[PDB]
Amino acid sequence: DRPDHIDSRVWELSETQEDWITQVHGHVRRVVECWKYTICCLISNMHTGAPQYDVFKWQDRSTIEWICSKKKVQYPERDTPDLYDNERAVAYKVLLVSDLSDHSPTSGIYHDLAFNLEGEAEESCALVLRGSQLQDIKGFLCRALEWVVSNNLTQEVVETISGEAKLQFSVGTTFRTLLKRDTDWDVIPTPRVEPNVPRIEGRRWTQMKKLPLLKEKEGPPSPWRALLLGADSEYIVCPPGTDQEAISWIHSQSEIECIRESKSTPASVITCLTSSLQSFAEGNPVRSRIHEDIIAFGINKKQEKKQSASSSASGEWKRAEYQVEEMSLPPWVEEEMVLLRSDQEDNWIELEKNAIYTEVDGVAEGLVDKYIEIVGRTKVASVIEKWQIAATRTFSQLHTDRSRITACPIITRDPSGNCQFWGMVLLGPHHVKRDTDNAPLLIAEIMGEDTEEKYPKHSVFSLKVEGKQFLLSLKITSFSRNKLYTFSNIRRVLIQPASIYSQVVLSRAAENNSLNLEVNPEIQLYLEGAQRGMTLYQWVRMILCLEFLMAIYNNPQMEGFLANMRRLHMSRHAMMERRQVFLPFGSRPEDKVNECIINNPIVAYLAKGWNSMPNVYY
Amino acid sequence: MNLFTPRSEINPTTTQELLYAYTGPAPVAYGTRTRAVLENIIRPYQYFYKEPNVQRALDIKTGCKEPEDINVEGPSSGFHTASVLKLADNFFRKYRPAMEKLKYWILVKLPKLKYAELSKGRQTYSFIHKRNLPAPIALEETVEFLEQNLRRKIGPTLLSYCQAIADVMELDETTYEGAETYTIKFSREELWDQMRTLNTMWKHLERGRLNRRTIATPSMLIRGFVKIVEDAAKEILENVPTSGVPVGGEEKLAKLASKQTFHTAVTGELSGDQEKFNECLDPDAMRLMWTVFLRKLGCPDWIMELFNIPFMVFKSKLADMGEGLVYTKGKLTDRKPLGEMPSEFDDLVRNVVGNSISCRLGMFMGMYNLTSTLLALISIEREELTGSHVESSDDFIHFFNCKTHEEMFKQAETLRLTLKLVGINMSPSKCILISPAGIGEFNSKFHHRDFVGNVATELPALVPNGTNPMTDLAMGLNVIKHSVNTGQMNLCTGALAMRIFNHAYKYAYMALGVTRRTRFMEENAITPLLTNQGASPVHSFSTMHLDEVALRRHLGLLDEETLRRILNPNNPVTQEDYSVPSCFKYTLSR
Amino acid sequence: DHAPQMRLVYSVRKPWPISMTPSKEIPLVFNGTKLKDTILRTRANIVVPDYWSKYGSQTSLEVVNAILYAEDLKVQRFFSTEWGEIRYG
RNA sequence: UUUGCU
RNA sequence: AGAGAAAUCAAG
């Protein structure tokens with residue numbers, strides 16, 4: 001009959017303090033008055049040696065007169081106060097209102113202590129009181145509100161502690177006419193239909209007995225289409241020095257002649273490179289426009305194509321439809337995967353270690369060190385460094401409109417200090433107005449091997465530096481600023497394989513209840529058939545290479561394919577555990593996957609890998 | 001892909017984080033969005049009738065239909081009025097304490113809401129300048145227009161803003177004095193069209209989809225009602241176990257994963273997403289659900305009108321078509337608005353209003369998320385469905401615990417049918433039921449037995465924010481710590497991310513190699529003492545939350561003289577972020 | 001707001017990236033490097049904070065303690081806590 | 001716009 | 001030319 005947070009003596013006194021049945025609220029009035037008196041009792045319970053305060057309400061006027069005479073105060077009969085601190089000789093009334101902030105002064109005779117319904121108080125009142133009593137009041141009011149909501153008395157309590165509300169919104173007549181123009185119901189919808197949930201004859205759920213196969217597309221093999229090269233990236237070793245010195249050394253000793261010419265990148269464009277290199281050797285990365293630049297960066301090509309199109313304006317307008325050219329898994333993806341995990345004589349992931357203060361810190365640093373040692377000396381790490389440096393140097397030159405050719409060399413440095421010239425990136429005359437605009441680039445890179453079917457649009461020249469021979473591939477690209485910024489920190493690709501490695505190591509540690517940061521067990525995989533698994537280190541290296549390729553070839557096709565392959569990955573996991581997979585009517589997840597297999601060579605590689613795995617589990 | 005399918009040590013669920021390419025550049029949407037917008041607008045009408053009859057469906061005001069017209073084999077666009085009423089009543093009766101909390105919000109929190117919070121939204125299409133502007137300037141312009149046309153001082157409370165809107169709408173005509181004094185006129189119909197016009201835009205950087213999809217934003221005249229309804233929806237959703245709102249997802253998913261019978265029953269885990277989720281809902285169902293809730297709550301009448309107004313305006317909406325459909329004449333290319341030339345969307349030509357198209361059915365993504373989630377959740381309430389359910393807007397996971405497989409399949413089909421009943425279609429190809437339960441996916445969190453991997457949708461940008469060295473270091477360490485304690489990165493990956501961010505942060509402030517800053521510090525013998533100066537990092541995995549200066553002082557890496565020089569407030573270089581002020585807290589010019 | 005994030009590297013490498021108030025305690029040139037720009041707040045280069053850390057005007061240790069008290073509380077709380085044997089399971 | 005992240 | 005993908009940049 002009473003809340004669990006209400007005592008007996010206070011309850012009985014509140015029930016007998018007034019005639020509550022003659023008022024509008026017969027129950028909540030008693031409850032709120034008892035709450036106020038319980039707050040008074042709790043605040044007065046504490047002491048300094050004398051009690052902090054003392055209860056005044058709900059007592060005869062004799063004690064009121066005695067206190068007034070002694071404690072230097074006067075208390076009228078209309079609105080008797082409830083609390084009075086003698087240490088400060090100040091009278092406070094602990095009233096609770098829904099308005100946390102709005103506390104209009106009912107009277108100016110004495111200070112008023114208004115409290116929030118949820119426990120809070122005024123802006124400049126709780127400071128005078130200590131902390132523990134504030135927490136007690138907060139908890140009591142929270143429990144009070146909990147009981148109120150439990151017994152569906154929110155509106156009644158709000159009325160009790162706030163008088164009555166008012167209609168704070170009203171809608172006119174013409175506005176109602178506007179609102180009721182496109183719906184069969186009025187502003188307050190009252191469909192004269194009995195509520196009822198009917199029964200509909202559905203379709204049965206079919207079981208997925210065997211995993212689906214993904215469609216493999218046919219057509220020309222997909223050529224390499226990344227911004228820069230992958231495993232076929234090399235560098236020229238130059239004496240230690242600044243970028244200008246290295247470029248001058250390269251320019252002085254260089255005999256460049258075309259080996260293979262591509263129609264997309266005419267050999268004449270080589271003049272744009274050397275002329276740039278020379279300029280960069282003199283200390284001016286920005287260079288004046290020359291004739292070849294027109295072909296190199298498509299200067300005025302917009303108007304040229306506009307005229308070449310208007311020349312064929314004799315026709316009829318048709319709804320412009322687009323066709324994406326389907327292509328098959330090119331054979332160079334497997335070769336790229338093999339070459340990306342080849343060893344290197346140097347470690348290409350040199351990140352400063354964090355500080356160690358705790359055992360957890362030591363374990364984390366050990367795991368990171370082991371991971372870096374595992375994947376640090378691979379071709380993929382060097383390619384990642386090359387990509388990051390090239391992207392950073394190219395993106396740093398796209399913050400201002402420029403009508404001149406810029407030089408952005410790709411030069412790293414070995415620990416001994418020798419410069420490593422991976423290539424060059426010439427930035428054409430750009431006017432960056434939108435962050436997604438495509439800046440024109442002429443990218444020259446040092447290759448290890450040339451394949452016409454893999455680099456159809458690259459022009460390959462020979463480059464002789466002090467006897468040594470190199471291949472220099474030139475490509476006329478147009479790349480978005482956003483993608484350049486994204487690749488500026490391509491180093492994040494190291495996180496996912498690190499996640500896998502750390503999870504495996506920690507699982508082994510938990511199983512053995514003793515961390516061993518040098519364990520590389522055999523991971524069983526669905527490989528060709530010659531072998532039945534790999535070591536943990538080799539698997540981590542392969543994962544890093546594949547993830548790098550996925551990041552480099554990330555486009556809408558890749559995003560859709562990966563998003564829709566998680567369902568099938570989960571289905572395969574369920575089947576591996578002899579669970580059952582059931583599907584709704586007319587369900588075909590393989591269709592969702594197949595919608596995203598068009599051009600992306602890496603997506604085709606992943607689809608082929610999926611197809612090679614068993615599609616039935618017994 | 002077989003490389004991503006372990007058969008030992010770990011499982012394919014563990015390697016689910018490998019099926020992500022967020023480390024690569026997210027795709028962007030190019031050129032005109034008219035095709036996507038028109039497809040979104042036409043999808044609802046093609047699904048209203050089992051036999052696609054768009055023309056017959058263009059006259060339906062309230063998308064209500066009988067259960068005989070609901071397509072159980074393909075997407076359905078309408079809703080059942082009686083089913084909506086009964087399901088809303090059941091939802092009210094089940095989560096009654098949530099209704100009480102909502103009533104407390106309505107009777108206490110709602111009146112005090114301040115319209116200034118309206119200035120924290122997407123860019124708004126001002127109905128005067130006819131060009132998109134940031135939210136605060138648009139709010140100021142709208143308020144000034146209201147005050148000028150009403151001759152009153154609109155109160156700070158949000159209800160005053162809404163009442164001011166409802167009052168200006170009664171005016172036969174309105175005028176705005178520009179400020180540069182230029183007058184602008186408005187007829188009641190013109191202002192009504194401006195208020196009910198949603199401006200569309202490409203959803204950029206959206207990963208995980210092959211096709212680009214658009215989103216819509218409302219006017220500033222109706223954003224107050226939208227905010228009221230969305231706040232009410234949030235308040236109700238925070239107090240129900242079936243919601244996927246940003247609540248303690250770890251606790252929720254773990255609790256549902258642990259659920260099991262006495263090992264004799266049949267358990268199933270259905271993971272799925274809704275197809276055409278926004279392109280099938282009807283605002284009439286949403287407002288009817290809200291009206292049922294309010295009426296059962298004993299709320300006053302003006303409250304119900306206030307809650308219904310935004311959905312009424314959305315029903316009579318006007319979607320901006322963008323720039324036009326692309327056409328080619330030989331080798332040219334020209335954008336033309338719908339209507340001039342034949343196209344697949346010719347059925348909608350009758351709905352064209354200027355450059356905006358009128359549509360009563362369907363909805364646009366990014367406008368009513370919480371209301372859509374509430375509509376989805378009310379469907380789950382009925383005697384047949386006795387399993388658990390979690391819904392995050394378009395994603396959902398259901399846990400069936402039945403006596404036999406037949407009951408489980410019946411409950412699954414009943415769930416699908418009820419969702420169709422309220423206007424929500426589960427994508428059949430994206431819905432997978434595993435039996436026995438234990439493996440599932442939801443909201444990019446993958447559950448296996450008793451392990452939930454919270455796979456991050458995006459990697460943290462492990463680069464300095466660009467404010468200043470100290471602030472950037474603090475923010476980056478905080479981001480890494482947050483991503484760690486949410487399960488998105490374990491200790492090794494957290495330390496690796498710390499190292500990567502450290503390298504990027506040192507590079508951005510010219511401290512890694514031979515630069516002007518390092519050359520200056522070497523010539524004048526300024527020993528590097530801070531992280532941005534090139535000193536070795538002082539933070540660790542365990543100390544990702546501490547401040548660099550205090551940590552260095554405690555460890556003895558900073559001396560009282562250096563601290564006094566650094567922390568001198570009289571230096572001319574002075575400007576949750578808890579980085580103490582210092583000479584290294586400068587502000588960049590541009 | 002990714003705009004400042006993608007502009008930091010370029011912003012820091014500008015000729016006069018930092019904006020500081022005029023002050024004679026910052027010399028026009030130090031050891032042959034121009035620090036402040038007397039353009040028509042004034043502009044300074046990225047080496048000004050380092051030059052200040054090495055030659056700035058020291059303040060009273062009381063101000064330093066007042067500034068650093070809040071963070072030193074957390075640092076001391078962390079370093080005072082004792083962490084038990086790390087387990088695996 | 002002067003050029004050095006393994 | 002080229003970048004790219006269901007339509008845009010390759011200036012104005």
# chains A, B, ... in the order shown; residues from 1 in each chain; ligands from 1

call {"tool": "interface_residues", "arguments": {"of": "chain C", "to": "chain B", "cutoff": "9 Å", "atoms": "only C-alpha atoms", "output": "PyMOL selection string"}}
result
chain C and resi 2-13+16-23+25-26+30-31+33+43-44+46-61+63-64+67-76+78

call {"tool": "closest_atom_pairs", "arguments": {"of": "chain B", "to": "chain D", "cutoff": "7 Å", "atoms": "only C-alpha atoms (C1' of nucleotides)", "output": "CSV"}}
result
residue,atom,partner,partner_atom,distance
B:503,CA,D:5,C1',6.9
B:507,CA,D:5,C1',5.9
B:512,CA,D:5,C1',6.2
B:513,CA,D:4,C1',5.6
B:514,CA,D:4,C1',5.2

call {"tool": "interface_residues", "arguments": {"of": "chain A", "to": "chain D", "cutoff": "10 Å", "atoms": "only C-alpha atoms (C1' of nucleotides)", "output": "PDB file with N, CA and C atoms, in the first residue's frame"}}
result
ATOM      1  N   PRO A 240      73.989   8.854 -51.008  1.00  0.00           N
ATOM      2  CA  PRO A 240      73.189   9.578 -50.013  1.00  0.00           C
ATOM      3  C   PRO A 240      73.175  11.076 -50.274  1.00  0.00           C
ATOM      4  N   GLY A 241      72.040  11.688 -49.980  1.00  0.00           N
ATOM      5  CA  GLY A 241      71.879  13.114 -50.171  1.00  0.00           C
ATOM      6  C   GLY A 241      70.413  13.483 -50.200  1.00  0.00           C
ATOM      7  N   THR A 242      70.173  14.767 -50.444  1.00  0.00           N
ATOM      8  CA  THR A 242      68.811  15.263 -50.536  1.00  0.00           C
ATOM      9  C   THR A 242      68.155  14.766 -51.823  1.00  0.00           C
ATOM     10  N   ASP A 243      66.852  15.033 -51.940  1.00  0.00           N
ATOM     11  CA  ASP A 243      66.124  14.624 -53.136  1.00  0.00           C
ATOM     12  C   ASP A 243      66.677  15.313 -54.375  1.00  0.00           C
ATOM     13  N   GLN A 244      67.007  16.600 -54.261  1.00  0.00           N
ATOM     14  CA  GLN A 244      67.547  17.328 -55.404  1.00  0.00           C
ATOM     15  C   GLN A 244      68.859  16.717 -55.875  1.00  0.00           C
ATOM     16  N   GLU A 245      69.742  16.361 -54.939  1.00  0.00           N
ATOM     17  CA  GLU A 245      71.013  15.754 -55.319  1.00  0.00           C
ATOM     18  C   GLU A 245      70.798  14.417 -56.014  1.00  0.00           C
ATOM     19  N   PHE A 280      64.095  19.811 -61.540  1.00  0.00           N
ATOM     20  CA  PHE A 280      64.231  19.421 -60.145  1.00  0.00           C
ATOM     21  C   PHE A 280      65.690  19.349 -59.723  1.00  0.00           C
ATOM     22  N   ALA A 281      66.608  19.159 -60.674  1.00  0.00           N
ATOM     23  CA  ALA A 281      68.026  19.178 -60.345  1.00  0.00           C
ATOM     24  C   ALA A 281      68.536  20.590 -60.096  1.00  0.00           C
ATOM     25  N   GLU A 282      67.847  21.605 -60.612  1.00  0.00           N
ATOM     26  CA  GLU A 282      68.244  22.992 -60.420  1.00  0.00           C
ATOM     27  C   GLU A 282      67.566  23.642 -59.221  1.00  0.00           C
ATOM     28  N   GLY A 283      66.720  22.912 -58.502  1.00  0.00           N
ATOM     29  CA  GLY A 283      66.055  23.439 -57.332  1.00  0.00           C
ATOM     30  C   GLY A 283      64.659  23.971 -57.557  1.00  0.00           C
ATOM     31  N   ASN A 284      64.073  23.749 -58.731  1.00  0.00           N
ATOM     32  CA  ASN A 284      62.725  24.228 -59.042  1.00  0.00           C
ATOM     33  C   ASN A 284      61.829  23.052 -59.404  1.00  0.00           C
ATOM     34  N   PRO A 285      61.108  22.464 -58.445  1.00  0.00           N
ATOM     35  CA  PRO A 285      60.156  21.404 -58.813  1.00  0.00           C
ATOM     36  C   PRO A 285      59.078  21.880 -59.767  1.00  0.00           C
ATOM     37  N   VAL A 286      58.657  23.135 -59.657  1.00  0.00           N
ATOM     38  CA  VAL A 286      57.661  23.693 -60.563  1.00  0.00           C
ATOM     39  C   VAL A 286      58.366  24.191 -61.817  1.00  0.00           C
ATOM     40  N   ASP A 346      66.411  -5.854 -46.183  1.00  0.00           N
ATOM     41  CA  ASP A 346      66.225  -4.831 -45.165  1.00  0.00           C
ATOM     42  C   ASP A 346      64.798  -4.880 -44.641  1.00  0.00           C
ATOM     43  N   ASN A 347      64.621  -4.375 -43.424  1.00  0.00           N
ATOM     44  CA  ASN A 347      63.309  -4.297 -42.794  1.00  0.00           C
ATOM     45  C   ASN A 347      62.675  -2.956 -43.143  1.00  0.00           C
ATOM     46  N   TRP A 348      61.503  -3.000 -43.773  1.00  0.00           N
ATOM     47  CA  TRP A 348      60.859  -1.811 -44.307  1.00  0.00           C
ATOM     48  C   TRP A 348      59.743  -1.283 -43.415  1.00  0.00           C
ATOM     49  N   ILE A 349      59.581  -1.831 -42.218  1.00  0.00           N
ATOM     50  CA  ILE A 349      58.625  -1.321 -41.237  1.00  0.00           C
ATOM     51  C   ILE A 349      59.440  -0.946 -40.005  1.00  0.00           C
ATOM     52  N   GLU A 350      59.850   0.314 -39.932  1.00  0.00           N
ATOM     53  CA  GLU A 350      60.647   0.832 -38.825  1.00  0.00           C
ATOM     54  C   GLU A 350      59.800   1.869 -38.093  1.00  0.00           C
ATOM     55  N   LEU A 351      58.992   1.398 -37.148  1.00  0.00           N
ATOM     56  CA  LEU A 351      58.134   2.249 -36.336  1.00  0.00           C
ATOM     57  C   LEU A 351      58.659   2.259 -34.908  1.00  0.00           C
ATOM     58  N   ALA A 381      56.036  -4.852 -47.950  1.00  0.00           N
ATOM     59  CA  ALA A 381      56.347  -3.725 -47.074  1.00  0.00           C
ATOM     60  C   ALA A 381      57.041  -2.605 -47.842  1.00  0.00           C
ATOM     61  N   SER A 382      57.990  -2.958 -48.709  1.00  0.00           N
ATOM     62  CA  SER A 382      58.663  -1.945 -49.513  1.00  0.00           C
ATOM     63  C   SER A 382      57.686  -1.262 -50.460  1.00  0.00           C
ATOM     64  N   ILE A 384      54.524  -0.883 -49.924  1.00  0.00           N
ATOM     65  CA  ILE A 384      53.693  -0.024 -49.087  1.00  0.00           C
ATOM     66  C   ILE A 384      54.410   1.288 -48.801  1.00  0.00           C
ATOM     67  N   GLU A 385      55.699   1.216 -48.466  1.00  0.00           N
ATOM     68  CA  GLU A 385      56.461   2.436 -48.219  1.00  0.00           C
ATOM     69  C   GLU A 385      56.513   3.310 -49.466  1.00  0.00           C
ATOM     70  N   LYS A 386      56.751   2.698 -50.626  1.00  0.00           N
ATOM     71  CA  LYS A 386      56.773   3.451 -51.876  1.00  0.00           C
ATOM     72  C   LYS A 386      55.435   4.139 -52.116  1.00  0.00           C
ATOM     73  N   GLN A 388      53.112   4.972 -49.934  1.00  0.00           N
ATOM     74  CA  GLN A 388      52.867   6.025 -48.957  1.00  0.00           C
ATOM     75  C   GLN A 388      53.663   7.277 -49.292  1.00  0.00           C
ATOM     76  N   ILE A 389      54.947   7.112 -49.621  1.00  0.00           N
ATOM     77  CA  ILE A 389      55.779   8.269 -49.938  1.00  0.00           C
ATOM     78  C   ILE A 389      55.253   8.974 -51.182  1.00  0.00           C
ATOM     79  N   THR A 392      51.962  10.810 -50.403  1.00  0.00           N
ATOM     80  CA  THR A 392      52.168  12.001 -49.588  1.00  0.00           C
ATOM     81  C   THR A 392      52.752  13.136 -50.419  1.00  0.00           C
ATOM     82  N   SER A 396      50.658  16.598 -51.256  1.00  0.00           N
ATOM     83  CA  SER A 396      51.116  17.864 -50.697  1.00  0.00           C
ATOM     84  C   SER A 396      51.130  18.989 -51.723  1.00  0.00           C
ATOM     85  N   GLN A 397      50.970  18.680 -53.011  1.00  0.00           N
ATOM     86  CA  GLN A 397      51.041  19.673 -54.076  1.00  0.00           C
ATOM     87  C   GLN A 397      49.683  19.940 -54.716  1.00  0.00           C
ATOM     88  N   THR A 400      46.653  24.113 -53.897  1.00  0.00           N
ATOM     89  CA  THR A 400      46.540  25.414 -54.537  1.00  0.00           C
ATOM     90  C   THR A 400      46.450  25.220 -56.041  1.00  0.00           C
ATOM     91  N   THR A 406      54.445  20.250 -61.812  1.00  0.00           N
ATOM     92  CA  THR A 406      55.129  20.054 -60.545  1.00  0.00           C
ATOM     93  C   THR A 406      55.859  18.716 -60.542  1.00  0.00           C
ATOM     94  N   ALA A 407      56.935  18.652 -59.765  1.00  0.00           N
ATOM     95  CA  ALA A 407      57.763  17.461 -59.645  1.00  0.00           C
ATOM     96  C   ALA A 407      57.633  16.894 -58.239  1.00  0.00           C
ATOM     97  N   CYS A 408      57.274  15.614 -58.150  1.00  0.00           N
ATOM     98  CA  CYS A 408      57.088  14.918 -56.877  1.00  0.00           C
ATOM     99  C   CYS A 408      57.853  13.602 -56.934  1.00  0.00           C
ATOM    100  N   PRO A 409      59.164  13.631 -56.709  1.00  0.00           N
ATOM    101  CA  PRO A 409      59.948  12.397 -56.801  1.00  0.00           C
ATOM    102  C   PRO A 409      59.582  11.410 -55.706  1.00  0.00           C
ATOM    103  N   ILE A 411      61.427   9.080 -53.581  1.00  0.00           N
ATOM    104  CA  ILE A 411      62.764   8.745 -53.109  1.00  0.00           C
ATOM    105  C   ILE A 411      62.667   8.343 -51.646  1.00  0.00           C
ATOM    106  N   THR A 412      63.105   7.129 -51.339  1.00  0.00           N
ATOM    107  CA  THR A 412      63.243   6.656 -49.970  1.00  0.00           C
ATOM    108  C   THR A 412      64.727   6.564 -49.631  1.00  0.00           C
ATOM    109  N   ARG A 413      65.031   6.065 -48.436  1.00  0.00           N
ATOM    110  CA  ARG A 413      66.417   5.945 -48.005  1.00  0.00           C
ATOM    111  C   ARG A 413      66.604   4.674 -47.195  1.00  0.00           C
ATOM    112  N   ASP A 414      67.647   3.922 -47.525  1.00  0.00           N
ATOM    113  CA  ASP A 414      68.012   2.734 -46.775  1.00  0.00           C
ATOM    114  C   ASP A 414      68.695   3.127 -45.468  1.00  0.00           C
ATOM    115  N   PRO A 415      68.802   2.198 -44.512  1.00  0.00           N
ATOM    116  CA  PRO A 415      69.430   2.562 -43.230  1.00  0.00           C
ATOM    117  C   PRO A 415      70.824   3.140 -43.390  1.00  0.00           C
ATOM    118  N   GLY A 417      71.682   5.053 -45.640  1.00  0.00           N
ATOM    119  CA  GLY A 417      71.483   6.397 -46.145  1.00  0.00           C
ATOM    120  C   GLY A 417      71.398   6.496 -47.652  1.00  0.00           C
ATOM    121  N   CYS A 419      70.130   6.763 -51.221  1.00  0.00           N
ATOM    122  CA  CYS A 419      68.832   7.131 -51.766  1.00  0.00           C
ATOM    123  C   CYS A 419      68.310   6.021 -52.671  1.00  0.00           C
ATOM    124  N   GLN A 420      66.991   5.851 -52.673  1.00  0.00           N
ATOM    125  CA  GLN A 420      66.325   4.829 -53.471  1.00  0.00           C
ATOM    126  C   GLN A 420      65.256   5.518 -54.304  1.00  0.00           C
TER     127      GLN A 420
END

call {"tool": "atom_distance", "arguments": {"atom1": "atom CA of residue 403 of chain B", "atom2": "atom CA of residue 385 of chain B"}}
result
12.9 Å

call {"tool": "interface_residues", "arguments": {"of": "chain E", "to": "chain A", "cutoff": "6 Å", "atoms": "only C-alpha atoms (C1' of nucleotides)", "output": "list in words"}}
result
residues 1, 2, 3, 6, 9 and 10 of chain E

call {"tool": "write_last_selection", "arguments": {"atoms": "N, CA and C atoms (P, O5', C5', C4', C3', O3' and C1' of nucleotides)", "output": "PDB file, in the first residue's frame"}}
result
ATOM      1  P     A E   1      39.503   8.503 -75.623  1.00  0.00           P
ATOM      2  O5'   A E   1      41.016   8.995 -75.572  1.00  0.00           O
ATOM      3  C5'   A E   1      41.996   8.447 -76.441  1.00  0.00           C
ATOM      4  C4'   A E   1      43.388   8.668 -75.907  1.00  0.00           C
ATOM      5  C3'   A E   1      43.653   8.121 -74.513  1.00  0.00           C
ATOM      6  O3'   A E   1      43.967   6.739 -74.515  1.00  0.00           O
ATOM      7  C1'   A E   1      44.413  10.352 -74.633  1.00  0.00           C
ATOM      8  P     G E   2      43.115   5.715 -73.617  1.00  0.00           P
ATOM      9  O5'   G E   2      43.310   6.253 -72.132  1.00  0.00           O
ATOM     10  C5'   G E   2      44.610   6.402 -71.583  1.00  0.00           C
ATOM     11  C4'   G E   2      44.611   7.344 -70.406  1.00  0.00           C
ATOM     12  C3'   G E   2      43.727   6.956 -69.234  1.00  0.00           C
ATOM     13  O3'   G E   2      44.326   5.987 -68.392  1.00  0.00           O
ATOM     14  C1'   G E   2      43.429   9.251 -69.735  1.00  0.00           C
ATOM     15  P     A E   3      43.419   4.904 -67.625  1.00  0.00           P
ATOM     16  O5'   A E   3      42.737   5.735 -66.451  1.00  0.00           O
ATOM     17  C5'   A E   3      43.501   6.205 -65.349  1.00  0.00           C
ATOM     18  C4'   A E   3      42.655   7.013 -64.397  1.00  0.00           C
ATOM     19  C3'   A E   3      41.429   6.304 -63.842  1.00  0.00           C
ATOM     20  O3'   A E   3      41.738   5.521 -62.701  1.00  0.00           O
ATOM     21  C1'   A E   3      40.829   8.465 -64.623  1.00  0.00           C
ATOM     22  P     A E   6      28.572   5.016 -60.915  1.00  0.00           P
ATOM     23  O5'   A E   6      27.290   5.177 -61.845  1.00  0.00           O
ATOM     24  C5'   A E   6      27.326   6.015 -62.994  1.00  0.00           C
ATOM     25  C4'   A E   6      26.256   5.640 -63.988  1.00  0.00           C
ATOM     26  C3'   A E   6      24.838   5.608 -63.427  1.00  0.00           C
ATOM     27  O3'   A E   6      23.909   6.002 -64.436  1.00  0.00           O
ATOM     28  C1'   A E   6      25.430   3.449 -64.195  1.00  0.00           C
ATOM     29  P     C E   9      32.187  17.621 -65.168  1.00  0.00           P
ATOM     30  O5'   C E   9      33.691  17.265 -64.779  1.00  0.00           O
ATOM     31  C5'   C E   9      34.301  17.816 -63.620  1.00  0.00           C
ATOM     32  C4'   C E   9      35.718  17.328 -63.457  1.00  0.00           C
ATOM     33  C3'   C E   9      36.700  17.752 -64.542  1.00  0.00           C
ATOM     34  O3'   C E   9      37.225  19.052 -64.333  1.00  0.00           O
ATOM     35  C1'   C E   9      36.910  15.430 -64.156  1.00  0.00           C
ATOM     36  P     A E  10      37.610  19.985 -65.584  1.00  0.00           P
ATOM     37  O5'   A E  10      38.665  19.119 -66.406  1.00  0.00           O
ATOM     38  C5'   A E  10      40.021  19.030 -65.990  1.00  0.00           C
ATOM     39  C4'   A E  10      40.796  18.062 -66.847  1.00  0.00           C
ATOM     40  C3'   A E  10      40.845  18.381 -68.334  1.00  0.00           C
ATOM     41  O3'   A E  10      41.834  19.338 -68.669  1.00  0.00           O
ATOM     42  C1'   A E  10      40.235  16.125 -68.048  1.00  0.00           C
TER      43        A E  10
END

call {"tool": "select_by_dssp", "arguments": {"residues": "segment 144-288 of chain A", "states": "alpha helix (DSSP H)", "output": "JSON, numbers by chain"}}
result
{"A": [144, 145, 146, 147, 148, 149, 150, 154, 155, 156, 157, 158, 159, 160, 161, 162, 174, 175, 176, 177, 178, 179, 243, 244, 245, 246, 247, 248, 249, 250, 251, 252, 270, 271, 272, 273, 274, 275, 276, 277, 278, 279, 280, 281]}

call {"tool": "atom_distance", "arguments": {"atom1": "atom CA of residue 223 of chain A", "atom2": "atom CA of residue 590 of chain A"}}
result
25.7 Å

call {"tool": "closest_residue", "arguments": {"among": "B:493, B:163, B:264, B:211", "to": "chain E", "atoms": "only C-alpha atoms (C1' of nucleotides)"}}
result
B:211

call {"tool": "atom_distance", "arguments": {"atom1": "atom CA of residue 78 of chain B", "atom2": "atom CA of residue 171 of chain A"}}
result
28.5 Å

call {"tool": "closest_residue", "arguments": {"among": "A:268, A:394, A:531, A:151", "to": "chain C", "atoms": "only C-alpha atoms"}}
result
A:394

call {"tool": "residues_around", "arguments": {"residues": "residue 112 of chain B", "least_positions_apart": "3", "cutoff": "8 Å", "atoms": "only C-alpha atoms (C1' of nucleotides)", "output": "list in words"}}
result
residues 108, 109, 157 and 158 of chain B

call {"tool": "interface_residues", "arguments": {"of": "chain B", "to": "chain E", "cutoff": "7 Å", "atoms": "only C-alpha atoms (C1' of nucleotides)", "output": "list in words"}}
result
residues 30, 31 and 32 of chain B
